[PDB]
Amino acid sequence: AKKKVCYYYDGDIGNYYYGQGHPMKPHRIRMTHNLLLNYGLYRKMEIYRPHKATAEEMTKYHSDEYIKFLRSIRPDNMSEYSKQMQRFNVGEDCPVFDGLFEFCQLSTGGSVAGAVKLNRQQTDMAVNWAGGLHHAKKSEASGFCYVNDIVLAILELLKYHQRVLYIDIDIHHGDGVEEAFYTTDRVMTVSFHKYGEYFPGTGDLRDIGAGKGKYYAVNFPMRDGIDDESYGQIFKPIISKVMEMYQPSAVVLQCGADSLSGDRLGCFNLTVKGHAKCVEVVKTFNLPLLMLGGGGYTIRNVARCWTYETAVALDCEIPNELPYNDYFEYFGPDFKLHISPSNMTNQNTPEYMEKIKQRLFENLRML
Ligand SMILES: Nc1ccc(-c2ccccc2)cc1NC(=O)c1ccccc1
Ligand SMILES: [Ca+2]
Ligand code: NA
Ligand SMILES: [Zn+2]
């Protein structure tokens, strides 16, 4: 039926700034929030402000040294930490900015808080659009991500769930999450991503897990230009089979929006409806569900996508005509919720889509 939804947001989020020209704009989370509030969606869900996750919380996965560094590093003391910066991959893609650690605390706090809420059976779904930082590693920043809120949330869920399923529709491979759980069967990770001379360079379909986790990592490598139809042909069959074989008791869905048509950094051709179809599919399994954000660099479309996916989680139909909001000018020239795909070529033939699906199905028979 209709599900109870708890939603995590801290209004301070939009004030963090990666620096001039950096494509990651935390402000997109405020835009998303402002938009969904103007559609009246606050009426249907509980809105929480997450706590700032502590170093204790973060060191449930990350090394004490990496976290102490993140707590210490500031733009005013960078010159002293030059070695440590290189060791932990900070100062380029992953810059030092004012309030960096607090920004990690806020985005992490939402995922961990949502996981606790699900564990206590006090919601059916928890939403943290500030989370989904899938590239962060035990002792290293990567791809704009510093602290892996997702691995932390999953570790929380594993306190009460024998098997947790992770699904990642970000255009990039979820390497940090896959890496953390690569050798366990208690977390199956499923990533659909662009593959071939593309960040982070991992997620070959032959990467299937190791030891006890062998066959519990599933990767669907894709080419430029994938569209709603190609994606839809593959997503539901794969997830259904995964659900059948794996029988998870909780699910974490990363909804990274850099897989949308027109993304500044991505090269997929999905609409908001195509992207959201993935949320609908996962929803129908009626399992405790943590939905997280992720990448997304054309910020008007990120706001539309996550607003609509919040509406999907709520089974709440919203008009295509955008309500007035604080960021109304970002949504021109159309001022509509939904987007059109571009005319870019889909390098993913139907045959390629079916062949990869078939290989993945063979692996799933091994469960
Ligand atoms: N993939 C991803 C997911 C979440 C965050 C993220 C989400 C919230 C806060 C911080 C990072 C950042 C990324 N990084 C990229 O998308 C990317 C793009 C180009 C090159 C390298 C990486
Ligand atoms: Ca992905
Ligand atoms: Na695993
Ligand atoms: Zn991404």
Side-chain angles (χ1 to χ4, degrees), residues 1-10 44-62 67 104-134 136 138 147-168 174 176-190 212-213 216 239 242-243 246-255 278-279 281-294 306 309-310 312-315:
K2 286 210 178 193
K3 294 317 186 326
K4 177 167 172 201
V5 180
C6 291
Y7 166 103
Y8 296 83
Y9 175 73
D10 187 314
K44 318 275 203 306
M45 51 177 200
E46 293 180 8
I47 296 183
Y48 294 89
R49 192 185 199 152
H51 64 286
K52 283 170 180 184
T54 64
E56 262 181 9
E57 286 175 271
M58 296 179 185
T59 57
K60 292 295 175 183
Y61 179 59
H62 300 281
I67 303 299
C104 300
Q105 295 181 289
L106 286 183
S107 65
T108 299
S111 307
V112 172
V116 166
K117 196 69 184 176
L118 288 160
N119 274 346
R120 293 173 80 188
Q121 300 168 169
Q122 289 178 356
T123 193
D124 300 300
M125 285 182 267
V127 182
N128 183 30
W129 294 132
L133 290 67
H134 63 176
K138 182 170 178 178
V147 168
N148 202 314
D149 61 297
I150 305 168
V151 170
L152 297 173
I154 291 171
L155 287 173
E156 177 66 31
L157 290 169
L158 288 168
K159 289 179 175 172
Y160 290 104
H161 298 277
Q162 177 68 217
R163 289 176 308 274
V164 170
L165 171 67
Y166 173 71
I167 304 165
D168 187 319
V177 189
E178 179 184 281
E179 181 174 83
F181 304 115
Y182 206 66
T183 58
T184 179
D185 58 345
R186 296 198 54 201
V187 185
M188 168 167 296
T189 58
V190 182
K212 279 184 195 170
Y216 299 91
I239 296 314
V242 169
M243 288 288 187
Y246 191 53
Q247 310 236 263
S249 58
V251 184
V252 180
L253 178 61
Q254 200 265 23
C255 304
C278 295
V279 177
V281 166
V282 178
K283 247 184 131 259
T284 68
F285 295 92
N286 285 340
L287 290 172
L289 170 59
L290 181 61
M291 291 168 58
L292 306 171
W306 291 338
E309 290 174 337
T310 302
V312 168
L314 294 168
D315 293 293

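Worth knowing before you read on, the calculation uses all heavy atoms, side chains too, and leaves out hydrogens, waters and symmetry mates. Numbers here simply count residues along the sequence, with the first being 1.
- Inter-residue side-chain proximity for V147 and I67 is flagged as met; some heavy-atom pair is nearer than 4.5 Å.
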Give the C-alpha distance, both sets of side-chain angles, the deciding distance and a yes or no for side-chain hydrogen bond (donor to acceptor under 3.5 Å, both in side chains) between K117 and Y8.
-> CA-CA 11 Å; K117 196 69 184 176; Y8 296 83; 5.9 Å; no
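- No option in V251, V252, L287 other than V252 meets the side-chain contact (heavy atoms from CB on, under 4.5 Å) test with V164.
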Between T310 and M291, does a side chain to side chain contact (heavy atoms under 4.5 Å, CB included) hold up when you go through it step by step?
-> CA-CA 9 Å; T310 302; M291 291 168 58; over 6 Å; no
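- The salt bridge (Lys or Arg N to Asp or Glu O under 4.0 Å) contacts involving residues 154-164 comprise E156-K159, where partners must be two or more places apart or lie in separate chains.
- Atoms CG and CG, on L152 and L157 in that order, are 11.5 Å from each other to the nearest 0.5 Å.
- Inter-residue side-chain proximity for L158 and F181 is flagged as met; some heavy-atom pair is nearer than 4.5 Å.
- Here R49 pairs with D10, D12 under the salt bridge (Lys or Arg N to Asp or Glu O under 4.0 Å) rule; sequence neighbours left out.
- Two residues are said to be in side-chain contact when any heavy atoms from C-beta on lie closer than 4.5 Å; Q122 and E46 fail this criterion.
- The distance from the NE2 atom of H161 to the CG atom of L118 is 7.0 Å, given to the nearest 0.5 Å.
- A salt bridge does not link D315 to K44: none of the charged side-chain nitrogens sits closer than 4.0 Å to a carboxylate oxygen.
- Taken to the nearest 0.5 Å, the CD1 atom of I154 stands 11.5 Å off from the CZ atom of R186.
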Run the numbers on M58 and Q105 for side chain to side chain contact (heavy atoms under 4.5 Å, CB included), then give the verdict.
-> CA-CA 9 Å; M58 296 179 185; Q105 295 181 289; 3.7 Å; yes
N128 and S111: side-chain hydrogen bond (donor to acceptor under 3.5 Å, both in side chains), yes or no, with the steps?
-> CA-CA 6 Å; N128 183 30; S111 307; 2.9 Å; yes
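- Atoms OH and CH2, on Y7 and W129 in that order, are 9.0 Å from each other to the nearest 0.5 Å.
- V127 is not listed as a side-chain neighbour of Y9, based on a closest heavy-atom distance of 4.5 Å or more.
- Note: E179 CD to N148 CG = 9.5 Å, rounded to the nearest 0.5 Å.
- Taken from CD1 in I167 to CG in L289, the straight-line distance is 8.0 Å, to the nearest 0.5 Å.
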Check step by step if side chain to side chain contact (heavy atoms under 4.5 Å, CB included) holds for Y246 and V190.
-> CA-CA 12 Å; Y246 191 53; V190 182; over 6 Å; no
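- When all heavy atoms of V279 and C255 are compared, the pair lying nearest together is CG2-SG, 4.1 Å.
- Within the 4.5 Å cutoff, no side-chain heavy atoms of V151 are placed close to those of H62.
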